[PDB]
2 protein chains.
Amino acid sequence: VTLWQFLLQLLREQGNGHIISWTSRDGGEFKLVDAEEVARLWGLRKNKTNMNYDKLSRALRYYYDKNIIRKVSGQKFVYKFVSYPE
Amino acid sequence: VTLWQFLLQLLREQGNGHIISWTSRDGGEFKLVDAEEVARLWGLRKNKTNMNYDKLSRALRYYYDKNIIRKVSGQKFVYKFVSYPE
DNA sequence: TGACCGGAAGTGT
DNA sequence: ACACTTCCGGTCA
DNA sequence: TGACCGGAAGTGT
DNA sequence: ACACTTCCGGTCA
């Protein structure tokens, strides 16, 4: 499972916005409300308990040149799926 | 992703027990608090909006002979992972 | 002074 | 081959 | 009278 | 080959 797919799953599956939330769903923009918790969970998808936001954020940065995800400048922990979140 | 893996993910990732919850964790027993919602989400993992509990429960029944999951008799919506999770 | 950035080497399939 | 993972030195507000 | 059960045929990789 | 998915007739409490 890829990081972007996982993020999409969390946004779809969480019952609330305590750890992740759409900021502007129309635009595919979302915020990692509890970045370290989202990272913990991401690491656990690979059976690791040590994933943190510094490493997950780097993975997201790796997406910039792939035109998969981009940063929403000026807003902390907010990112944007460039290809409509379907 | 398999149904049992998905269930394990929900139990690990949900911030509360509004749709799924461990009943006796060391025993690997859990309850589908909102069975139809858990089913909806399961279907969406495969890009389908029509998965319901009747079909998901059948998938779980298919697990009985595989010694992966068993029913916790006498309790509605409660099942048991036979192989230690966490 | 914390979030964000990107190079460079390593991991697991 | 590919999708990150792991470090981490440096920038920006 | 709803949750649970299991046969039998079909789907997608 | 495998892991369900889809129907659904019947049981149990």
Side-chain angles (χ1 to χ4, degrees), chain A residues 1-10 19-21 23 29-83 86, chain B residues 1-10 19-21 23 29-83 85:
Chain A
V1 57
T2 61
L3 207 204
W4 64 262
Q5 293 178 295
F6 167 67
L7 257 21
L8 242 23
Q9 289 175 182
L10 275 190
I19 75 174
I20 192 173
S21 171
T23 54
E29 303 174 3
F30 63 98
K31 180 191 298 180
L32 297 187
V33 179
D34 187 343
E36 300 296 345
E37 185 47 32
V38 171
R40 180 176 75 74
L41 266 13
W42 171 225
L44 293 171
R45 282 299 186 89
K46 295 185 179 173
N47 185 49
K48 303 280 280 294
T49 66
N50 72 335
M51 173 60 55
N52 55 34
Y53 182 56
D54 165 84
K55 292 186 292 183
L56 179 154
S57 67
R58 178 74 186 81
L60 292 179
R61 286 193 290 285
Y62 151 84
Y63 282 150
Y64 299 174
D65 286 2
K66 276 72 184 65
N67 307 314
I68 288 174
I69 278 176
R70 259 66 191 311
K71 183 72 177 66
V72 171
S73 289
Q75 297 193 57
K76 299 196 298 71
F77 311 109
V78 184
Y79 295 81
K80 176 186 190 72
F81 289 100
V82 346
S83 278
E86 192 190 312
Chain B
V1 60
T2 61
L3 207 205
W4 64 263
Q5 293 178 295
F6 167 67
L7 258 21
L8 242 23
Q9 289 175 183
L10 276 190
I19 76 173
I20 192 173
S21 171
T23 54
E29 303 174 3
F30 63 98
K31 179 191 299 180
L32 298 187
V33 179
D34 187 344
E36 299 296 345
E37 186 46 32
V38 171
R40 180 177 75 74
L41 265 13
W42 171 225
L44 293 171
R45 283 299 186 90
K46 296 186 179 173
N47 185 48
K48 303 280 280 293
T49 66
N50 72 335
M51 172 60 55
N52 55 34
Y53 182 56
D54 165 83
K55 292 187 291 183
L56 180 154
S57 67
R58 178 73 186 82
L60 293 178
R61 286 193 290 284
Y62 151 84
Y63 281 151
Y64 298 174
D65 285 353
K66 304 297 179 180
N67 303 311
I68 289 170
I69 281 176
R70 297 313 192 67
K71 183 72 177 66
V72 171
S73 288
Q75 298 193 57
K76 296 191 306 173
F77 311 108
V78 183
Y79 295 81
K80 176 186 190 73
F81 289 101
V82 346
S83 286

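Letters A, B, ... mirror the listed sequences (proteins, then strands); counts begin at 1. Side chains included, hydrogens not; waters and symmetry mates left out as well; all remaining heavy atoms used.
A donor-acceptor pair is defined here as one N or O able to donate and one able to accept, closer than 3.5 Å; such a pair exists between the side chain of A:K71 and the backbone of A:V78. Checking side-chain atoms of B:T23 against main-chain N and O of B:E29 turns up a donor-acceptor pair under 3.5 Å. Distance alone, capped at 3.5 Å, is enough to place a donor-acceptor pair between the B:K55 side chain and the B:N50 backbone.
In this pair, B:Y79 and B:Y53 present their aromatic rings perpendicular. The plane angle is above 60°, beyond the 30 to 60° band.
Here B:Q75 lies in heavy-atom contact (under 4.0 Å) with sugar-phosphate atoms only.
Counting heavy atoms from C-beta outward, A:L41 and A:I19 have side chains that approach closer than 4.5 Å. Looking at B:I68 and B:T2, their side chains never come closer than 4.5 Å, going by heavy atoms from C-beta outward. The side-chain heavy atoms of B:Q9 and B:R45, taken from C-beta on, include a pair separated by under 4.5 Å. By the 4.5 Å heavy-atom criterion applied to side chains, A:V1 and B:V1 are not counted as neighbours.
Residue B:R45 contributes atom CZ, which lies 17 Å from atom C1' of F:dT5 at whole-angstrom precision. A straight line from NZ of A:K71 to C1' of D:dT11 spans 15 Å, rounded to a whole angstrom. Whole-Å rounding puts the A:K80 NZ to C:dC4 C1' distance at 19 Å. Distance, B:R70 CZ to E:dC4 P: 16 Å, rounded to whole Å. Rounded to an integer number of Å, the gap from NZ of A:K31 to P of C:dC4 is 11 Å. Put simply, CG on A:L3 is 14 Å from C1' on D:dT6, counting in whole angstrom units.
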How is the base pairing of DNA chain E summarised as a dot-bracket string, given the Watson-Crick and G-U wobble criteria with both distances under 3.5 Å, [ ] for crossing and | for another strand? |||||||||||||
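Within the structure, a side-chain polar atom (N or O) of B:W42 is placed less than 4.0 Å from OP1 or OP2 of F:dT5. An OP1 or OP2 oxygen of F:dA3 is reached within less than 4.0 angstrom by no side-chain nitrogen or oxygen of B:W4.
Heavy-atom distances under 4.0 Å link DNA chain C to A:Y53, A:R58, A:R61, A:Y64 of residues 46-67 of chain A, given in residue order.
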